[PDB]
Amino acid sequence: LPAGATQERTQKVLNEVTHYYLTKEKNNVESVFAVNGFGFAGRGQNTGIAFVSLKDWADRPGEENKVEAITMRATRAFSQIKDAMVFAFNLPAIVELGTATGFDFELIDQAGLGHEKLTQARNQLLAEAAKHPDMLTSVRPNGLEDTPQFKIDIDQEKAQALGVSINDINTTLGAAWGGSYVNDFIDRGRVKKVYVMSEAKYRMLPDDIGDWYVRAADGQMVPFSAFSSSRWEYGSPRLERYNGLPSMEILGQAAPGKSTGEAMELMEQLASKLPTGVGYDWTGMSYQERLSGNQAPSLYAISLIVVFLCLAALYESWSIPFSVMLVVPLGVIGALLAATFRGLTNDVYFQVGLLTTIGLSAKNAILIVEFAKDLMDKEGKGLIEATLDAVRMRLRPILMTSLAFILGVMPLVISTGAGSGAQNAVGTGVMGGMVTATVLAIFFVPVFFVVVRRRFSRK
Amino acid sequence: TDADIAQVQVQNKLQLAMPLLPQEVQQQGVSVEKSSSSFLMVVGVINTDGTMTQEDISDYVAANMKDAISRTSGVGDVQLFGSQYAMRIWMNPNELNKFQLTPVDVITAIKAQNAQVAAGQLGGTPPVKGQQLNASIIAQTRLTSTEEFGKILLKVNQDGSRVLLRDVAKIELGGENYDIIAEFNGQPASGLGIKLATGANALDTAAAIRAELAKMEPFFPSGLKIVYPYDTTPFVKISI
Amino acid sequence: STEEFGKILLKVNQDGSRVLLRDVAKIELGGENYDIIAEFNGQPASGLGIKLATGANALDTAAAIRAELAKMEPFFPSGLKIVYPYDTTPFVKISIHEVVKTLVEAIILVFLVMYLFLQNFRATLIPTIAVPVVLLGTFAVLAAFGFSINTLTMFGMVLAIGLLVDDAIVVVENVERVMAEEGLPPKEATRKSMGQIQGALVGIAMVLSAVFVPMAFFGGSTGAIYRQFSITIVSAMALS
Amino acid sequence: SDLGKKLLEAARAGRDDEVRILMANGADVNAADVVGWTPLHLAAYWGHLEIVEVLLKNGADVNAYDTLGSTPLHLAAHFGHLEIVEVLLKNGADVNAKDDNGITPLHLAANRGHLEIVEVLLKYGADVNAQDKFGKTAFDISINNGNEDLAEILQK
Amino acid sequence: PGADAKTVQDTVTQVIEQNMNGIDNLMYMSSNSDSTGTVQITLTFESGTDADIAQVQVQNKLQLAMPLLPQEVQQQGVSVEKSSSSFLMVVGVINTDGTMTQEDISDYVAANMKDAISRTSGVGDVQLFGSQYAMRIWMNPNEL
Amino acid sequence: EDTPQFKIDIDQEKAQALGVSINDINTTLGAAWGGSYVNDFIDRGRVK
Amino acid sequence: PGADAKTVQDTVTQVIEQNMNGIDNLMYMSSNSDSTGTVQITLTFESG
């Protein structure tokens, strides 16, 4: 809700949200846990969350009655609500981690510029980020904006003149309006806190300030209006700090077609044109991706080198290993075709799927090459004779393995139930990958072996 | 011996003694470090333009550099060769006696008028039905300048004349202590004496310190420069 | 009690009348703060956020929690009811069931395909024995390394099914071929058959190790996720 | 108003281009948040000279007061926005405007020690002998803060 | 209680942040101070760091910084928890006949349920969504 | 090695007679000659 | 100090014991609260 909105107003919106879910989605929604006063972005009377619990997956057939569908209908339906930003969204796969999609930027105050100057430097970066929709999308602050706050100045001279101590003044104000934790008491053999505070109706508006009295040394009661002056000013309802220095968290993601790495590259370039004493750093998912990204090339190199070395020892050749290693694309093309067609993403399940698809296709090739080579070495057969005799012997077991495994992962592809997202990712990439890996290899493996053996007559 | 468990066991017993210690010793902060006796390196800091004094350089290091270096893994202890600034109230006994005041009256006035008060909220929870306004109440905040400390009202006389803190004291930004004063080739300097944490690799820690100092250099004021007058790690790297 | 707090004496007046705390305040048992208003379908609600202990079984824990809440049912006041808005264990139970179903269905499909080509039940039983032995072995290595049964480890074995199924088919099929082509007895046929593939199988193990093992040496959150699949697949493949 | 609440955000943010489009569509210039701050209040507070001029051209109340009686001139003077103080005074801002505390733009200007604004306010006929609820003048503030320069300017 | 974002930062958050030294394998440190009188300082450590050793090292540096905090914050106390963990399930407790408030339900869960669920086999942590009863003195300024 | 140090004895009888608090004496002597850490302030957004 | 067995059990022993949940390899927990105001909570752990 807008800045300075009360608890009652937030409840009216949560009631509308709750009413909608138990009216329009009564066949899907089981319960609505309405938490007024809490937000992951920040706390306050002007924030709230509604945790929607659904009926069993068996009682919700088709995509029409799924989270993604309800989310879209909910978000669109709540677009009508006035003076409130109400929208639904699904939970991440791993709730332990955040959304883990986009970047997490920290804007740092490196030279004690103060809150106001850091806000201006943030607004400057946000404005420049908005000028690149082609690269950056939804570049927003994670924290809250400054709000009106009631500044009250206690006149020290007037307090001393009337014989009223500052401790009595600051206690009377703090205790009444703020509340004071005095000491503990025992309720049914359990220690609990004792709180003194003003009854609601006497701590609501600025006019109520003057209804509070403080006793002087001479015993006379003096109202707050006698020794206080008040004005309106703006201040932060939520101040952030990163590595000991004042900060402001900025969330965002790469535009459709762009990588997060390229989106970060620009955010760094935009940040370098900010006022003097305004630094930056990458936190959370961003910090993780940068370190994880540096390792990837070296791990590929080592993996690809040891594969070659192992095959080189197996076959006793520097050349023949290439005949095996050339099958890698035959399996990958099928996975990508199946993924792009069904409308899935390059996720962990898909990536691990490619390695096992590559692994089995490589295994099929290794045995064909081993058989072909052994016929040439031992029985003194020609290249083509040995190759044709090899693929002949290796045809049946490849077809048996492929037929069994493709049917084995069929239910994972067509699955639309609970945890089907993970099953689909596992199934789709493997099925499509295996279909191409099987069909292509049986024709392409003997081509690789013959071409490689013809090229290198070294051994 | 595991230095982690050694620190925990020592501190577990220190926390039994802590409450019995004088309030002045607790408020200064007791520390439990697991470091070597000798310094790993000394990170010197000088101003080549000469636009910052030994006291200015010491405050900047303490305020903008020391904490981040102290939090770095492998750094067991950090000794500031200098002192961070404090609001120094230099009392005059002739002026205090003149207005019938004592250091007790000065200490009472500072605590009362340099206060950060929690004043609550307008339309705070639980609220009344029909409340439209919710705003934080801001009372006294910490003083930020010598000027604000200067106009702290100690008392008002019979005739109605005001006695301010600047009438009984000189008020300036000055070091917590004035014990440690450093120089680099006869030039005004401060720095950080860094001790290696028990078991930590000297070269790995030295690299981590250099990486952290590299993130500070860009935002330095004009003239300020890092110098390396003492480092044991280069010998280890070159010797091997 | 609120009665006692109400009877707290504040002041004794000149006439002799007594000012109590209940004369200048409303006294009741309430919350520590009123910032959060929690509702469940519009009805006043509280709750408990339960985390699983290290090395614990989620399904056993959830059953034990429901069993304990059942013992508390009789002592609940009138109107009080337990509700489960968030529970992960129904999702975990389906994940295990679906993966056991996949592994069972996979072994059934191998049996059908083995019989379709080889056409003898004696041959179809060798994979039926081998695959479960390898899968059971994987759990033993999984446990030894300090890993748990989770979504990533369970789907890790599902992704490895193809590699385990192939090792079974390749060894049996090659013997069936040698017997059919050279007319050797089963024992002599196996000696020759294994003599043709034993070198390759050892080589295949090292190649697949080179593909999967380095995946476990990624750092951070991504590394931890990849290490679950890496160790599970490499273990299952090594035993196969 | 819908656009009224977008203008309040625009004026505060300093989004000159958005305020332009809002004035054309007819966004309420007398729109006020819960504390009673108009876009002119916000523009004056955050120091947006261009938006102050645009709002005053589109019939914004120069002597608009919040729920504690403070005007845009109070804010402009207090936060040291010299250009905005002159523009407001030329468009007929009340130079002797008292809030609920009896505080004036001169008092606030004197307290933060804005010498230019003090002289600008005095030039437009700011009452130098104006007393607040504690009977304090701009001179009483200057000697208390220890501002010799400001004390010399404030000799009636 | 009753403290603004700046009061919490300048008296609590900055004082704790300045004392988070000599802690092993710290990657970065973040914090926020809000107008509800709350501060949360999250210290994130290197992967493969013992979370127990990390928590006690943070705890120990906080304990020595406790005398530097305001009286009202020392009285309320400062919690040091492993936050990286997630929930197994959420047990909701409701009142259907409308005889109990959220305060009444929360107190019962704290007194008669929470402890028993904490001792249940395999339960690593239990968090109450609400607070147990507190003795509330609602002062009247006219009568005072 | 040991060094000259300035020993000062507070006469309890004389203090009680004049009506001078011993806490006021110790604070006056300690604060003036030794220094007293009163409370904290904010210097360019840093607690000191 | 000065607290009876019942008072110190309610304010100390029960307050600590209810927070001694989800500790690894915890076999059993024994405690006593006496009239001197002394509390001792002993946690015994699995062998190894």
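Here the chain labels run A, B, C, D, E, F and G in written order, and each chain numbers its own residues starting at 1.
In the analysis below, a contact is a pair of C-beta atoms (placed from the backbone, for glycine too) under 8 Å apart; a residue touches a chain by one contact, two chains touch by 3 or more.
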Shortest chain-hopping distance from chain A out to chain D: 1
Most widely separated chain from chain E, with each centre as the mean of CA atoms: D
Chain centre separation in whole Å, for chain G relative to chain F (CA means): 43
Centre distance in Å when chain C and chain D are each reduced to the mean of their C-alpha atoms: 64
Rounded Å distance, chain B centre to chain E centre (Cα mean): 27
Whole-Å separation of chain centres (CA-atom averages), chain A against chain C: 22
For chain D, residues that touch 2 or more chains besides their own: 34-35
Residues of chain B touching at least two other chains: 27, 63, 67, 71, 115, 117-121, 124-126, 132-133, 135-138, 141-142, 162
Those chain pairs that satisfy the touch definition: A-B, A-C, A-D, A-E, A-F, A-G, B-C, B-D, B-E, B-F, C-E, C-G, E-F, E-G
Contacting residues of chain E [partner chain F, same complex]: 10-11, 14-15, 18
Interfacial residue positions of chain G with respect to chain C in the complex: 22, 24
Residue ranges of chain E touching chain C (in the complex, touch as defined): 36, 47, 85-109, 112-114, 116-117, 120-140, 143-144
Complex contacts: residues of chain A adjacent to chain B: 4-9, 37, 44-46, 110-112, 147-152, 154, 156-157, 160-161, 166-167, 170, 173-174, 176-179, 200-201, 203-206, 233, 235, 237, 243-244, 276-277, 279, 281
Complex interface listing, chain A residues touching chain F: 109, 112, 114-115, 246
